[PDB]
2 protein chains.
Amino acid sequence: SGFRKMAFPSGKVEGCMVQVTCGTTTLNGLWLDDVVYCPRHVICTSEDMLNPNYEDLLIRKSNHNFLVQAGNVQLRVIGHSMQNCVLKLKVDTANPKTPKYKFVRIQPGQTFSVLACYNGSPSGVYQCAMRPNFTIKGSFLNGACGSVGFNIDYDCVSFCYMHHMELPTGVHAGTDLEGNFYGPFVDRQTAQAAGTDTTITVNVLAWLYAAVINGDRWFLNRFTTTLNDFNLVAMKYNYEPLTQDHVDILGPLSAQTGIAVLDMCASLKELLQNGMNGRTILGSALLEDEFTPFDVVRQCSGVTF
Amino acid sequence: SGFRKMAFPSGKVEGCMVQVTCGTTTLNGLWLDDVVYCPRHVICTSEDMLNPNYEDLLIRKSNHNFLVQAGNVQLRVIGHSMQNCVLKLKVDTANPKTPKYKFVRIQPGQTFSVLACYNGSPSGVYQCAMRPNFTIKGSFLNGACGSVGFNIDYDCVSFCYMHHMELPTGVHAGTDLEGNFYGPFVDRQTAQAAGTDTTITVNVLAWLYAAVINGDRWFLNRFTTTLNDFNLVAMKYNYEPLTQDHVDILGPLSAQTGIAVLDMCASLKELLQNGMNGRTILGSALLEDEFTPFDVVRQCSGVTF
Ligand SMILES: *[C@H](O)[C@H](C[C@@H]1CCNC1=O)NC(=O)[C@H](CC(C)C)NC(=O)OCc1ccccc1
Ligand SMILES: *[C@H](O)[C@H](C[C@@H]1CCNC1=O)NC(=O)[C@H](CC(C)C)NC(=O)OCc1ccccc1
């Protein structure tokens, strides 16, 4: 037993990380087949970053202005193009460690592992949720751009995130691997609003299920509720509305525990209305919303890769 | 910026995990050079587990009774021995993916990454502290035994933990890679006490430093304290006594923030005495003690491997 925020094993992704240098600036890129993907702001200088004209800046660059290194292995760039906010550098050598992979644009509320990298070298790995407002709460320093987020299913790595920037609130923003930002963000050094961030209701319920499965059953009450009744309380506490689709997704966990979803909603409503009374749930004194239902089942059936 | 519980990249360790089967029982082993290390209870049946006579059980086993598989790669066992609570199986083939490595017996309060595995296949990775009472708060299901804990320094993997058992409290126990248990535990299915678990004071202070570095400065007060004064309060809240060695270890963080350690102790004392007032620090409504000073500096200078 036990329940922990658990990242995917990172080895398949470690093998794809490279260093990309364009003049002064170094950041990380992702080497898959004979293409290296990295944030297009690798081409910017200090002055450019307030409002870069990326098309103009990239025109001043040729293939030989991009230095790509995989460890000591120097790669040779034989073509470059910009797709949205990412550069694709065609290289002479196919990555021999390329995993089976897909590019996916993830939904808000879904989770993924981040391999934080500097200078093309892995630093560490952690789980993140794509927040409803299309930010993540990460840990990234200068040089971390081009670090990626991913999920693994069996043998297939689904890349969903590449890191580009930090917002004034200290939260993080980035793109999919086609270079489209999640949320309203643009890659320039301006103040940008993320807007209200709501709690992922279905994930909180998943985690309450996890907690019950792990012996914590004190928060359970003799009450039930309705979707409408609960959703009035959800809106009050800036929680996402719960839908029948959400109820359906929780079905496995509800069946495993024999606790009906609306009964867990009634539990959740009491927690929201009355706080925790200085008590804790799975080691936390707050309601946790970065575990999906899938996350909970995976960590209870022992799914491997 | 941002501060997250961050595991080491697991790829070097992924390459060493194998499946070990002895009759019915399967668990994980660690394949380094031409030796596979695994928990000795792989040789037990259901009946044996209350009080196994390991010496007698192992005598009934030969080399060919151990089936070791690395993926599909079958390995051939050419010798076996028991060292404390671990079996060492000599195999015909040296692991070609063996990292540079050391075996280390870790100190209480130090942290490490756990690669949770089932059937010799990696499931996920998370950070753990060795608690003062020599338990860890992990996430392990049936079949997880032989999963290992490690640290990485530059290119060298220091293995410090192998998983063996779960205690009645839901916490976890295991050995170093020489098979000696951390704490008073024995590998039999009996009720075993871990005893009082104290909070790792130096780690809480490290994390308060992390919090200040990341903008959270509300908990700071105009007060100071003395080591003796603080330690009277530490003992009251089941915190470890703070020593000058601890103060010395926090020196880098104190200098970086310009906050004196005893001033942070005064902050910590107020938090202990007056709770948090429903406020939060680096996303937590509790005092966090599983980040070492090293952990904090690593995640602020962007150390890579
Ligand atoms: C790319 O490595 C870098 C990652 C930032 C740096 C600090 N924490 C992060 O996530 N991204 C940028 O520097 C980005 C470049 C623009 C052209 C998009 N600008 C940015 O994120 O500004 C915010 C910032 C906050 C704190 C320090 C530096 C920059
Ligand atoms: C080895 O894979 C297993 C790991 C336990 C299983 C559940 N959570 C864990 O950490 N270790 C044992 O089964 C161990 C074997 C003895 C001979 C040492 N016994 C044990 O840990 O008993 C506690 C237990 C709790 C919950 C389910 C099963 C066993």
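Order of the sequence lines fixes the chain letters, A, B, ..., with proteins taken first and strands second; residue numbering starts at 1 for each chain.
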Pair [X]-[Y], side-chain donor/acceptor within less than 3.5 Å:
X: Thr199(A); Y: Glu240(A); value: no
X: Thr135(B); Y: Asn133(B); value: yes
X: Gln127(B); Y: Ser113(B); value: yes
X: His164(B); Y: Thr175(B); value: yes
X: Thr224(A); Y: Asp263(A); value: yes
X: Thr111(B); Y: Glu290(B); value: no

With a 6.0 Å cut-off (strictly less than), is the heavy-atom count around [atom1] of [X], excluding the residue itself, greater than 12?
X: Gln107(A); atom1: CD; result: no
X: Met49(B); atom1: CE; result: yes
X: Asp229(B); atom1: CG; result: yes
X: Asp153(A); atom1: CG; result: no

At their closest point, which heavy atom of [X] faces which heavy atom of [Y], and how far apart are they?
X: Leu27(B); Y: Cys38(B); result: CD1-CB, 3.9 Å
X: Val296(A); Y: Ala206(A); result: CG2-O, 3.6 Å
X: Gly2(B); Y: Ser139(A); result: O-OG, 3.5 Å
X: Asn119(B); Y: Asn28(B); result: N-OD1, 3.5 Å
X: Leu242(B); Y: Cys265(B); result: CD2-SG, 3.6 Å
X: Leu262(A); Y: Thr225(A); result: O-CG2, 3.4 Å

Within this structure, what is the [atom1]-[atom2] distance for the pair [X] and [Y], rounded to the nearest 0.5 Å?
X: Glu288(B); Y: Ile200(B); atom1: CD; atom2: CD1; value: 11.0 Å
X: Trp218(B); Y: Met276(B); atom1: CH2; atom2: CE; value: 5.5 Å
X: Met264(A); Y: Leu205(A); atom1: CE; atom2: CG; value: 7.5 Å
X: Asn231(B); Y: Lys269(B); atom1: CG; atom2: NZ; value: 12.0 Å
X: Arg298(A); Y: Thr304(A); atom1: CZ; atom2: OG1; value: 12.0 Å
X: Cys128(A); Y: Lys5(A); atom1: SG; atom2: NZ; value: 8.5 Å

Closer than 3.5 angstrom, by distance alone: can the side chain of [X] be matched with the main-chain N or O of [Y] as a donor-acceptor pair?
X: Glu166(A); Y: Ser1(B); answer: yes
X: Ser10(B); Y: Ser10(A); answer: yes
X: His172(A); Y: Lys137(A); answer: no
X: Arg217(B); Y: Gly215(B); answer: yes
X: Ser147(B); Y: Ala144(B); answer: yes
X: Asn221(B); Y: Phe223(B); answer: yes
X: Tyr118(B); Y: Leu141(B); answer: yes

Is the distance between the ring centroids of [Y] and [X] under 6.0 Å?
X: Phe159(B); Y: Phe112(B); value: no
X: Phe150(A); Y: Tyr161(A); value: no
X: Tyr37(B); Y: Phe103(B); value: yes

State, with a plain yes or no, whether a side-chain heavy atom of [X] is found less than 4.5 Å away from one of [Y].
X: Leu208(A); Y: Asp216(A); answer: no
X: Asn151(A); Y: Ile106(A); answer: yes
X: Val303(A); Y: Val297(A); answer: no
X: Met130(A); Y: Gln110(A); answer: no
X: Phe181(B); Y: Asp187(B); answer: yes
X: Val212(B); Y: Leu220(B); answer: yes
X: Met162(B); Y: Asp176(B); answer: no
X: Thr201(B); Y: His246(B); answer: no

Tell me the salt bridge (charged side-chain N to carboxylate O under 4.0 Å, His left out) pairs involving residues 189-212 of chain B, sequence neighbours left out?
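Output for this query lists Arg131(B)-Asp197(B).
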
Aromatic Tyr182(B) / basic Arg105(B) pairing, under 6.0 angstrom, 45° off normal:
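That pair qualifies as a cation-pi contact.
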
Give the ring-plane orientation class for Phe140(B) versus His163(B), where under 30° counts as parallel, over 60° as perpendicular and anything between as tilted.
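It falls in the parallel class, under 30°.
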
Start with the C-alpha distance between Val13(A) and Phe8(A), add both sets of side-chain angles, then the distance that settles side-chain contact (heavy atoms from CB on, under 4.5 Å), and finish with yes or no.
CA-CA 10 Å; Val13(A) 175; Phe8(A) 290 104; over 6 Å; no

Take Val202(B) and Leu250(B) through the test side-chain contact (heavy atoms from CB on, under 4.5 Å) and record every step on the way to the result.
CA-CA 8 Å; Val202(B) 66; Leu250(B) 288 168; 4.0 Å; yes

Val157(B) and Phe305(B): CA distance, side-chain angles, deciding distance, side-chain contact (heavy atoms from CB on, under 4.5 Å) verdict:
CA-CA 10 Å; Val157(B) 179; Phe305(B) 314 103; over 6 Å; no

Please determine whether side-chain contact (heavy atoms from CB on, under 4.5 Å) holds for the pair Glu270(A) and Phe219(A), giving the CA-CA distance in whole Å, both sets of side-chain angles, and the decisive distance to 0.1 Å.
CA-CA 8 Å; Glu270(A) 294 307 303; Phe219(A) 49 79; over 6 Å; no

Set of side-chain hydrogen bond (donor to acceptor under 3.5 Å, both in side chains) partners for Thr292(A), sequence neighbours left out:
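Residues passing side-chain hydrogen bond (donor to acceptor under 3.5 Å, both in side chains) with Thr292(A): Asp295(A).
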
With sequence neighbours left out, what residues match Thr196(A) under side-chain hydrogen bond (donor to acceptor under 3.5 Å, both in side chains)?
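Applying side-chain hydrogen bond (donor to acceptor under 3.5 Å, both in side chains) to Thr196(A) gives none.
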
